[PDB]
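J.: this one is an experimental structure. Sequence first:
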Amino acid sequence: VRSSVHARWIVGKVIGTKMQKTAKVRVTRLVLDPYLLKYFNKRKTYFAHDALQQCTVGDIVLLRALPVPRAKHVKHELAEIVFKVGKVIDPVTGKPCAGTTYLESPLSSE
Amino acid sequence: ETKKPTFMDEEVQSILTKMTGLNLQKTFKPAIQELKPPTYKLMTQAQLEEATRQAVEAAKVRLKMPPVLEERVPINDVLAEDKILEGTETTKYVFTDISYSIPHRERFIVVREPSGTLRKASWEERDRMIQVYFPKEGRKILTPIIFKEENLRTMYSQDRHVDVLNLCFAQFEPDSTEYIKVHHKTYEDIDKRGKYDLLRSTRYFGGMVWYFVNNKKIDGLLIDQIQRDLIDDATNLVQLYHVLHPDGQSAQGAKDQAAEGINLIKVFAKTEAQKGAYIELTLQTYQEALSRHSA
Amino acid sequence: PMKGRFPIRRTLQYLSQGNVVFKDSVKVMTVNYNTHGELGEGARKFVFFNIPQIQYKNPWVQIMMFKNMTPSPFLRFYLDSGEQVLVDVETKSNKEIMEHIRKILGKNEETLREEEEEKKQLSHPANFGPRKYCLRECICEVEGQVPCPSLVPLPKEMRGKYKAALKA
Amino acid sequence: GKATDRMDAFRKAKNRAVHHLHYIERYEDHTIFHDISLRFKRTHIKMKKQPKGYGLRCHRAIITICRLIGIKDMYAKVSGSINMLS
RNA sequence: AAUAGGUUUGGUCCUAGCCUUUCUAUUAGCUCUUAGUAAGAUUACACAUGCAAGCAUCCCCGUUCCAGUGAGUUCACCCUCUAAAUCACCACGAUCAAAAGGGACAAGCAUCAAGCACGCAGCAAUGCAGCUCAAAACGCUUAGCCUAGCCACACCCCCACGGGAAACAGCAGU
Ligand code: FES
Ligand SMILES: [K+]
Ligand SMILES: [K+]
Ligand SMILES: [K+]
Ligand SMILES: [K+]
Ligand SMILES: [Mg+2]
Ligand SMILES: [Mg+2]
Ligand SMILES: [Mg+2]
Ligand SMILES: [Mg+2]
Ligand SMILES: [Mg+2]
Ligand SMILES: [Mg+2]
Ligand SMILES: [Mg+2]
Ligand SMILES: [Mg+2]
Ligand SMILES: [Mg+2]
Ligand SMILES: [Mg+2]
Ligand SMILES: [Mg+2]
Ligand SMILES: [Mg+2]
Ligand SMILES: [Mg+2]
């Protein structure tokens, strides 16, 4: 369970798939502006190992830290594709959706 | 068999709580201190009655009576007598265990004397050492001069008995000899000058009554309660007296006569009261005014 | 005046009024909400008013927001074990959402009281040092002890200038 | 007050002022009832209700006027154009 | 910038800069009685002289500390892992804390806008062509820092086999 990687679980958006078995993921965190006391998104890039090359640019993925980095910049592995780009499944109902509209009604399977 | 009640018994605390009274204007008197601009709320009659109810609850906490403890026994315990150290030091060492999570009455504080004796610190050294390393707000390492007899009479002349007791509570432990001596001198000045109203709606009224009842000197307080139409408190005072002096002339008289209410004050006034005549007169006057109101 | 609507949100007093302190398991909190629809109003007010308070009390928890990705709003928490907690928030007010996640993933008042007490052990009253760390810098500040020579000159007998002079 | 001579301007202003008196409500006859923040033209004045003993911590002219009204405790901050008449 | 004040005009209002009043530090002028306490080269320029590391039945241990300086400057903080060291020797440990790995971490200039190999996969062979960057990369300049203290340096060549050369940025002193 121990790891030398600082970020153990992070969610991000895939922004690149040009590296073999590696997805480039933009992770955003909220950071407090000390003067304005307003939160602004601060984005950081993480390389994630994607053995099956199943990540598509734009999908939301969950990354898990590796025990030790496998490369200079690869410290995480693809743990789960949360929201496949253009193929989102509503977690609350389990039905496919296109934006704020259902593609299959939850009433179909009762 | 039959134990006499303690100060913290629920029956005694209930009696003394009512005799004390709760006055929100006195209990929450404006304090002379650094001020901030006040805040304001718009409240309905119900929201106001709730806010006043919460104030009464906060007042019953502020009026919580301190426990009445007996004087602590001097500490005279020698841990070791290393005579080889005799004459090697001119000044004694006081060692205080400052481990944070220890009750102050469980902290070992020991003194190595120039004779070589390792002894436990005295009660006075203990309270002084606890203040050095665990300073409590309102307490001084050196005893303030306000507690000298000449300076207490100054405070009594100004009717500042409650300040005397607040200062004594902050400076001395409840079982200290200085804590008890000051309280007793304060209670006696109240009895001599009939200043029992100075302590009503304070946490110090019960301790004052406890002192009078145990010392069989309730005649002054009983008169003050009648002159103020507090017969319920005056009757409870006579009942508390009987509870703590069961084998007494007044307690038997009440049993033989099955006295209740105002009758208890008459039984007490004749048998045990020293100012029995002044009570009957003061009580007679009260019954008259009560009849005038009835008619 | 302070810019924007509800400038109270940009005050330290407001941000410190959050009551949700997540358990150490919580690593990521994703918020999926919809910009329009009467049934997603509580989630919008939750994002508007309370997400800043949650982040303030949980600076190391990643909070990411997603707009109009699904038909209904929901919160999802990712825990260190790998477990995921899905919280449906459609039809719920922002105050109910805050109370829900506090119950299932927030530290209770007892656990927080304990932590505050352990912090007090770090500042021992008996320790002497700079004001930044201790109440008193030197024992000379304690009444009854020999005061500092900068305020009360020491007797000639307790000073080395005259001890050597007599001895020499 | 306006005049060629200074003593005549003093007479006109002070005698006219008594015909244009305002009544100012005071909380407990020592402070204002609530914080007052207003702009008059380009002069901003922010006033804060204060407890007894705070004194008049205000622009010197506001201090002078407050003594005439009878306000004893108030904080005021003047921002923008600092014009005596405004 | 504050409770503010002075100053643009023939005059008014507005905007605006400048300055005044407050509190410290250094230096200069003039002046100065005592006591206690704190603090105390401008200069990483060159240094006369003296001293600053010994201990101990020989082995070793120590002189790697303390003391100094502020030249350089995101090696200081957190996590992971794990040496040396302390707990007499072992503690499958505790404390302490390197190296390595992950994260975080100054100011000014965008008239420094591109950097120029800065990536990934594979046991390897080798293959793919990526990686950083206007959310400020790369670059230049300034500066010891976040002060129970910490970092860096220790005549210079970042280092110190070697070379230049012969070293007080230890105390006192010139
Ligand atoms: S600071 Fe305590 S002796 Fe000076
Ligand atoms: K100006
Ligand atoms: K000088
Ligand atoms: K430096
Ligand atoms: K160097
Ligand atoms: Mg002009
Ligand atoms: Mg002109
Ligand atoms: Mg001078
Ligand atoms: Mg050093
Ligand atoms: Mg310099
Ligand atoms: Mg080891
Ligand atoms: Mg290291
Ligand atoms: Mg590192
Ligand atoms: Mg140019
Ligand atoms: Mg420099
Ligand atoms: Mg040199
Ligand atoms: Mg060197
Ligand atoms: Mg020197």
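T.: Alright, I've got the coordinates. Numbering: from 1, shown residues only, chains lettered A, B, ... in the order given. Ligands and ions are numbered 1, 2, ... in the order given.
J.: give the contact list for residue B:286.
T.: B:226-227, B:229, B:231 (Cβ atoms under 8 Å, 6 or more residues apart in numbering or on different chains). Yep, even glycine has a C-beta here, placed from its N, CA and C like the rest.
J.: all the helices of the stretch 151-295 of chain B, residue numbers only.
T.: Under the criterion DSSP state H, counting those that start in this stretch, the stretch 151-295 of chain B contains helices at B:161-171, B:177-193, B:205-214, B:219-227, B:231-244, B:249-257, B:262-271, B:276-294.
J.: just to revisit the earlier point, now render the contacts of residue B:286 as CSV, adding distance to chain A and neighbour count.
T.: Converted to CSV, those look like this (distance: Cβ to the nearest Cβ, whole Å; neighbours: other Cβ atoms under 10 Å in any protein chain shown):
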residue, distance to chain A, neighbour count
B:226, 65, 20
B:227, 63, 14
B:229, 60, 12
B:231, 63, 17
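J.: and the furthest pair within those residues?
T.: B:227 and B:231 (10.7 Å; Cβ to Cβ).
J.: quick check: beta-bridge partners of the residue positioned nearest the centre of chain A?
T.: Chain A has residue A:61 as the residue nearest its centroid, 2.3 Å off, counting by Cα atoms, centre = their mean. According to DSSP bridges, the residues that bridge with residue A:61 are residue A:12, residue A:81.
J.: close enough to count as contact, it and residue A:78?
T.: Yes - with contact defined as Cβ atoms under 8 Å, residue A:61 reaches residue A:78; the gap is 5.8 Å.
J.: what do these two both touch?
T.: Here residue A:61 and residue A:78 have A:23, A:48, A:55 as joint contacts, going by Cβ under 8 Å, 6+ apart.
J.: tell me which residue of the stretch 1-150 of chain B lies closest to RNA strand E.
T.: Nearest residue of the stretch 1-150 of chain B to RNA strand E (Cβ to the nearest atom of the strand) works out as residue B:100 at 13.6 Å.
J.: revised request: answer the last question for chain C.
T.: For chain C, Cβ to the nearest atom of the strand, closest residue to RNA strand E: residue C:129, 2.8 Å.
J.: next, that residue: phi, psi?
T.: Phi and psi for residue C:129, reported as degrees, to the nearest 10, are phi 170, psi -170.
J.: is residue A:79 part of a helix or strand, or is it coil?
T.: strand (DSSP: H, G, I helix; E, B strand; the rest coil).
J.: burial check on it, number of neighbours?
T.: 17 (other Cβ atoms under 10 Å in any protein chain shown).
J.: can you tell me the helix or strand for the residue nearest to it when sequence neighbours are not counted?
T.: Spatially, and ignoring its direct neighbours in sequence, residue A:79 is nearest to residue A:64 (3.9 Å; Cβ to Cβ, 6 or more residues apart in numbering or on different chains). Applying DSSP states H and E as the criterion places residue A:64 in strand A:60-65.
J.: contacts only, for residue C:18.
T.: Neighbour list for residue C:18: C:50, C:53-54, C:56-57 [criterion: Cβ under 8 Å, 6+ apart].
J.: excluding sequence neighbours, find me the nearest residue to it.
T.: Once flanking residues are discounted, residue C:18 sits nearest to residue C:53: 3.0 Å by Cβ to Cβ, 6+ apart.
J.: for chain A, see how far away that neighbour is.
T.: Taking Cβ to the nearest Cβ, to the nearest Å as the measure, residue C:53 falls 10 Å from chain A.
J.: equivalent analysis for residue B:103, please.
T.: 41 Å.
J.: how many neighbours does that residue have?
T.: When neighbours are counted by other Cβ under 10 Å, residue B:103 comes out with 6.
J.: just to revisit the earlier point, which of the contacts of residue B:286 sits closest to chain D?
T.: Among the contacts of residue B:286, residue B:229 lies closest to chain D (Cβ to the nearest Cβ), at 34.4 Å.
J.: test my guess that residue B:263 contacts residue B:257.
T.: Yes - Residue B:263 lies in contact with residue B:257 (Cβ under 8 Å); the separation is 7.1 Å.
J.: which one's more surrounded, the two?
T.: The neighbour comparison of residue B:263 against residue B:257 (other Cβ under 10 Å) goes to residue B:263, with 15 against 12.
J.: identify the residues contacting the more buried one.
T.: B:254, B:257.
J.: same thing but at 10 Å, please
T.: B:235, B:238, B:253-254, B:257 (Cβ atoms under 10 Å, 6 or more residues apart in numbering or on different chains).
J.: how much space between it and residue B:246?
T.: In this view, residue B:263 and residue B:246 are 18 Å apart by Cβ to Cβ, to the nearest Å.
J.: same question for residue C:1.
T.: In terms of Cβ to Cβ, residue C:1 sits 74 Å off from residue B:246.
J.: cool, residue B:261 as well?
T.: Taken as Cβ to Cβ, the span from residue B:261 to residue B:246 is 20 Å.
J.: ok, now residue B:176?
T.: Separation of residue B:176 from residue B:246 (Cβ to Cβ): 31 Å.
J.: before we move on, what about residue A:86?
T.: In terms of Cβ to Cβ, residue A:86 sits 91 Å off from residue B:246.
J.: picking up where we left off before, let me see the contact set for the closest residue to the residue of chain C closest to RNA strand E other than its chain neighbours.
T.: Spatial nearest neighbour of residue C:129, excluding adjacent residues (Cβ to Cβ, 6+ apart): residue C:137 at 6.3 Å. Residues near residue C:137 by Cβ under 10 Å, 6+ apart: C:128-131, C:148.
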